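Novice: Protein chains in written order, with PDB author numbering: chain E, 152 to 282; chain F, 22 to 282.
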Amino acid sequence: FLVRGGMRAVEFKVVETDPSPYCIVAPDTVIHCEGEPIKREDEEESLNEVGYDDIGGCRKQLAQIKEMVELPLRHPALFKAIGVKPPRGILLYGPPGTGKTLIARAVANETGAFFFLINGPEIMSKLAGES
Amino acid sequence: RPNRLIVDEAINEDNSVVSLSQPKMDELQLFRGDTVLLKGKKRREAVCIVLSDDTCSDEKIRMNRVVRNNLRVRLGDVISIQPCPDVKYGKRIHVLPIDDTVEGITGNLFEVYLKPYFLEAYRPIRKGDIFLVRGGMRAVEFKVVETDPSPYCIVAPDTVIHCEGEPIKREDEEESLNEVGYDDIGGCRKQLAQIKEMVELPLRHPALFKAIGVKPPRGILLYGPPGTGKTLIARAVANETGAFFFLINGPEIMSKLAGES
Ligand SMILES: Nc1ncnc2c1ncn2[C@@H]1O[C@H](COP(=O)(O)OP(=O)(O)O)[C@@H](O)[C@H]1O
Ligand SMILES: Nc1ncnc2c1ncn2[C@@H]1O[C@H](COP(=O)(O)OP(=O)(O)O)[C@@H](O)[C@H]1O
């Protein structure tokens, strides 16, 4: 569970309780916040990444992207069973700084994918014909 | 020999129809709905149902694509037609779907495809042929492997149909379907006629005109807005006349590192 505080985001984990596992925090209970910090569970699940709640002012465009991307990524087997051509490319154009990379990252993280980024200048300046 | 005829493009898209002119029926004493036996190349065989049509010429026979691939012949060749009145109602039919047509269906094919197509149709079939059934989102082909009596039979309500088993793998000389033909082009009648005018003769019969001696065409420019389907026209012509269509792309010759382009 994640709790909002002073300037950052802090997330805490419970290791045990009584009775176990279910309980409700009551005014009359004993809490201990003493102990060395634990490491990541190693299943990612990082809540500090981006989601659909970190984008605002682009509701219609996000609706269109969800409409035309959710099915080919979530359900590939059924789509290849139907046998209809899926989209192969999407263009996002607008003034710089409006948050296109944010939209791509949010879609990739939430739907479940392998977001792989290719820079323009980085590829351009790779010397010889090795680009 | 006033029995043979030259095949031609048809209009009726049913799998068991042929179109003959009325003088042909008068000469061969052909009625409507009879069963005729069709002989072609490679010693292949199939049966069909005669239908009346005045558009085709007397020397010309109109027939669809499935029977044309059944006979292993292309448009412009010759076939032998005769009345075949000895056919009688079949008893049992064994059908098996093709491997590369049912990828991801997993259902009762008998109730889905066979039942409507064979309904009140009286379609005559011969062992070894392939027929195509329209369905939900795809097209499924069945190759009849056993019938009683063999080789000819007629669909009747009290016939045994078996639609269970491991789907048969594709053949080699089968002339695989799903390749674009002349039915996949629409709204381009005049230009397709012009293209077929100057390309059919030097491709079908290659030696005759050279012996006569003429200058065959050596280049055709197809120009128009993108997306109008020029590659489709080229591929259809190549797959119909019979050739070795060898596409070379534009950018692929430019992406190579200079010297090897
Ligand atoms: N809801 C939002 N809409 C638009 N921009 C946002 C939003 N939330 C945050 N941003 C800011 O937009 C920036 C996107 O940076 P950048 O990838 O350069 O955008 P683009 O690549 O579209 O120019 C982020 O640094 C972020 O701070
Ligand atoms: N009768 C037709 N006329 C024009 N286009 C068609 C026809 N039938 C199908 N098409 C479409 O044309 C597409 C192929 O054309 P294409 O090879 O892109 O031509 P070009 O490359 O010259 O733009 C197919 O995807 C198909 O959907």
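For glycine and all other residues, C-beta sits at the position ideal for the given N, C-alpha and C.
If you reduce the DSSP assignment to three classes, tell me which class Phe230 (chain F) lands in.
Specialist: Three-state DSSP puts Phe230 (chain F) in a helix.
Novice: Jot down the residue ranges of each uninterrupted beta strand (DSSP E) in the region 164-243 of chain F, minimum 3 residues, whole runs only, in chain order.
Specialist: 173-175 and 181-183
Novice: So, for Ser42 (chain F): in the same chain, excluding its five sequence neighbours on each side, which residues have a beta-carbon less than 6 Å away from its beta-carbon?
Specialist: For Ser42 (chain F), the CB contacts under 6 Å within the same chain, skipping 5 residues up- and downstream, are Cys77 and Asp79 in chain order.
Novice: Look at the alpha carbon of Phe52 (chain F) and the alpha carbon of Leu59 (chain F), and state the distance between them as a whole number of angstroms.
Specialist: 16 Å
Novice: Taking C-beta pairs closer than 9 Å, name the residues in chain F that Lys231 (chain E) reaches, listed in chain order.
Specialist: Going along chain F in sequence order, the residues near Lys231 (chain E) (Cβ under 9 Å) are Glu124 and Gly125.
Novice: Does the beta-carbon of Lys251 (chain E), which I'm using as the reference point, lie nearer than 7 Å to any heavy atom of ligand 1?
Specialist: yes
Novice: For ligand 2, is there a heavy atom less than 7 Å away from the beta-carbon of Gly234 (chain E)?
Specialist: Not under cutoff, so the answer is no.
Novice: Could you tell me whether the region 97-105 of chain F touches the region 150-165 of chain F, using the rule of 3 or more Cβ pairs below 8 Å?
Specialist: no
Novice: With distances taken Cα to Cα, identify the nearest neighbour of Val116 (chain F) among F:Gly186, F:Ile27, F:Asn91 and F:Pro178.
Specialist: F:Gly186
Novice: By the DSSP assignment, the alpha helix (DSSP H) with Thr262 (chain F) in it spans what residues?
Specialist: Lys251 to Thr262
Novice: With a threshold of 7 Å (Cβ to nearest heavy atom), would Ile206 (chain E) be considered close to ligand 1?
Specialist: yes
Novice: Taking C-alpha atoms, which residue in F:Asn91, F:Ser276, F:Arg95 and F:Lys190 lies nearest to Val123 (chain F)?
Specialist: F:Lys190
Novice: Exposed or buried, residue 285 (chain F), counting other C-beta atoms within 10 Å across all chains shown (16 or more means buried)?
Specialist: This structure does not reach residue 285 (chain F), given that chain F is present from 22 up to 282, and the question cannot be answered.
Novice: In this structure, does DSSP put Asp121 (chain F) in helix, strand or coil?
Specialist: Taken through DSSP and simplified to helix, strand or coil, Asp121 (chain F) comes out as helix.
Novice: Taking the alpha-carbon positions, what's the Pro170 (chain E) to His183 (chain E) distance?
Specialist: Spanning the alpha carbons of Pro170 (chain E) and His183 (chain E) requires a straight line of approximately 16 Å.
Novice: Is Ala279 (chain F) helix, strand or coil by DSSP?
Specialist: Of the three classes helix, strand and coil, the one that applies to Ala279 (chain F) here is helix, per DSSP.
Novice: Is DSSP giving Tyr138 (chain F) helix, strand or coil here?
Specialist: helix
Novice: Give a yes or no on whether the minimum CB-CB distance between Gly207 (chain E) and chain F is below 8 Å.
Specialist: When Cβ-Cβ separations below 8 Å define contact, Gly207 (chain E) makes no contact with chain F.
Novice: Determine whether the Cβ of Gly234 (chain E) lies closer than 8 Å to any Cβ atom of chain F.
Specialist: Taking Cβ atoms only, chain F reaches closer than 8 Å to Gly234 (chain E), which makes this a yes.
Novice: Starting from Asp29 (chain F), follow its DSSP beta bridges and name the residues at the other end.
Specialist: F:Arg83
Novice: Out of curiosity, what's the CA-to-CA distance linking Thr56 (chain F) and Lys109 (chain F)?
Specialist: 10 Å
Novice: When you check each C-beta in the region 155-183 of chain F against every C-beta of chain E, which residues fall closer than 7 Å?
Specialist: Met158 and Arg159
Novice: For a quick check, are the C-beta atoms of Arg65 (chain F) and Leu92 (chain F) less than 8 Å apart?
Specialist: yes
Novice: Compute the beta-carbon to beta-carbon distance between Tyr173 (chain F) and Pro137 (chain F), rounded to the nearest angstrom, for a pair I have assumed lies under 8 Å.
Specialist: Actually they are not in contact, since the Cβ atoms of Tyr173 (chain F) and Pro137 (chain F) sit about 23 Å apart, beyond 8 Å.
Novice: First and last residue of the beta strand (DSSP E) that includes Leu59 (chain F)?
Specialist: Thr56 to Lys60
Novice: So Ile114 (chain F) and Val68 (chain F) are in contact, right, with Cβ under 8 Å, and what is the actual spacing, rounded?
Specialist: Their Cβ separation, rounded to whole angstroms, is 14 Å, which puts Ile114 (chain F) and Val68 (chain F) out of contact at 8 Å.
Novice: Using CA atoms only, rank isn't needed, just tell me which of E:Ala259, E:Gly156 and E:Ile254 is closest to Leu213 (chain E).
Specialist: E:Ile254
Novice: Could you tell me whether the Cβ atoms of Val28 (chain F) and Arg86 (chain F) are closer together than 8 Å?
Specialist: It is not a contact, given that the beta carbons lie outside the stated cut-off.
Novice: For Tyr203 (chain F) and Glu194 (chain E), I'd like the C-alpha separation in whole angstroms.
Specialist: 56 Å
Novice: Buried or exposed for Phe152 (chain F), please, with buried defined as at least 16 other CB atoms from any protein chain shown within 10 angstroms of its CB.
Specialist: buried
Novice: If you run the structure through DSSP and keep just helix, strand and coil, what is residue 2 (chain F)?
Specialist: Outside the shown range of chain F (22 to 282) lies residue 2 (chain F), about which nothing can therefore be said.
Novice: If you run the structure through DSSP and keep just helix, strand and coil, what is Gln43 (chain F)?
Specialist: The answer is helix: DSSP assigns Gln43 (chain F) an H, G or I state.
Novice: Just the Cα atoms here: how many angstroms apart are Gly280 (chain F) and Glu281 (chain E)?
Specialist: 16 Å
Novice: Using beta-carbon positions only, say whether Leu243 (chain F) and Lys251 (chain F) come within less than 8 Å of one another.
Specialist: yes
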